[PDB]
């Protein structure tokens, strides 16, 4: 019954990740194009007593980045499930900054499928 939120500020990137998840046997995938929209979707799911097993969150987005989005989601909504950074800079420095915002894992872009598979296995509850 896995449900996943994919937050990426480009539709193309979103479809790449959705396809990856689909190939891993996950079909219930929602999309958000920015940090606020992401918060909105978690809040809604939250309005329905339901929740995402995992969120994949683009770090570098305009208006509201993935750090802010993460903190809003955790603090205001009480979401304690895994939020995984989608990042272009896997430098140890930025990786800590993501952790400090409330994220708990990372996938570097361009996303590599085997890394995505490992993240799912390790952190996604109920994942086949």
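Numbering follows the first chain given and starts at 1.
K.L.:
Could you check the entry and say whether 76-84 or 96-104 has the higher mean CA B-factor?
P.N.:
Comparing averages over the C-alpha atoms only gives 96-104.
K.L.:
Check the entry's C-alpha temperature factors for 42-50 and 61-69, then say which stretch has the higher mean.
P.N.:
Stretch with the higher mean C-alpha B-factor: 42-50.
K.L.:
Sort the modelled residues of this chain by their C-alpha B factor and say whether residue 30 lands in the lowest, middle or highest third.
P.N.:
It falls in the middle third of the chain.
K.L.:
Rank-wise, by C-alpha B-factor, drop residue 126 into the lowest, middle or highest third of its chain.
P.N.:
Highest third of the chain for residue 126's C-alpha B-factor.
K.L.:
By the record's CA B-factor, is residue 6 among the lowest, middle or highest third of residues in the chain?
P.N.:
Lowest third of the chain for residue 6's C-alpha B-factor.
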